[PDB]
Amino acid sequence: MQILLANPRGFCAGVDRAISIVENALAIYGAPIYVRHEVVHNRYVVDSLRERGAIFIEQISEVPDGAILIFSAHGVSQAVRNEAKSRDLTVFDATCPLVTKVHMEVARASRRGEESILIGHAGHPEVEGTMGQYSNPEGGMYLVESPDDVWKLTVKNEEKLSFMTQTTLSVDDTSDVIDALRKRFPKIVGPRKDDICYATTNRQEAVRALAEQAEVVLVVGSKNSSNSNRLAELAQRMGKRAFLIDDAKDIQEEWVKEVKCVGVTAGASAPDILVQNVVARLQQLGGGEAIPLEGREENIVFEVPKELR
């Protein structure tokens, strides 16, 4: 059985920075370091950091006075930030710079009382954080997930309207939502394309290339990782069987029995060690040397803040 690896796969720049922020804080200040929300959506990373003394909380009211609190890479609402700010907490912010860029646009529209529409999935923390930058009652901030949601939305002033997106969406589905927004609201303003980041775009392109060759695709990533679920969905829509797995224990032998080509990729929050263990289990089940596919080169790095070197 041949094993192909997607390229790029695995950690993006925002995840590598966020994990280093929690590790460096643990190193500088000792346990406990409080973290608002799982720092990235990956059980192995999160379990690791917990066992080293990070404590993951959903609400600032769970954190003690005098503590160090880190916001997760997915970002937080102004309400959460202000609630931390008014408490006796030392705060470090691991929000990815590419999420912060969208937050600033939302805040600018709020200041103007001009309405804004976010394309994203209800309840996800990045959506809570982004919708949470808008606060002007004169204006409005609306969430749409699909074309049908666009078809039902009505706004106060469709002449002064902009749109933003979640950074980890399906490139193809978001394209359809934007086409709907422009047909319903011809004066709507947005970025040239969307706010989907380089890493989500790149991993989706790499999985499309992988699934062209492979009969079965394994995506390493946790169940609550949105971007990892998009990679599995992409391969499934191409007619391949595709499974989202946390680690090599999750592989069922029936999934690869008599499969001639199996592909492996990893979401933006999954460490490479998990991919190595998956490759080792596929070898136990018959596969040969893993072959990396040629892929778009990534070169962006985001540094930790100097207070945490």
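One rule holds for the numbers: they count along the sequence shown, beginning at 1.
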Residue range whose averaged C-alpha B-factor is higher in the record, 250 to 258 or 38 to 46: 250 to 258
Stretch exceeding the other in mean C-alpha B-factor - 232 to 240, 133 to 141: 133 to 141
Residue with highest C-alpha B-factor in the PDB entry, from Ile70, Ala270, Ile57, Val278: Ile57
Member of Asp179, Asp172, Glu114, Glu205 with the greatest C-alpha B factor (per the PDB record): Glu114
Where the record places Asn157 (Cα B-factor, split into thirds across the chain): highest
B-factor third for the C-alpha atom of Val91 within its chain: highest
CA B-factor ranking of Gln213, expressed as a third of its chain: highest
Record-listed C-alpha B factor of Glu83: chain third: highest
For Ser61, the third of its chain into which the C-alpha B factor falls: highest
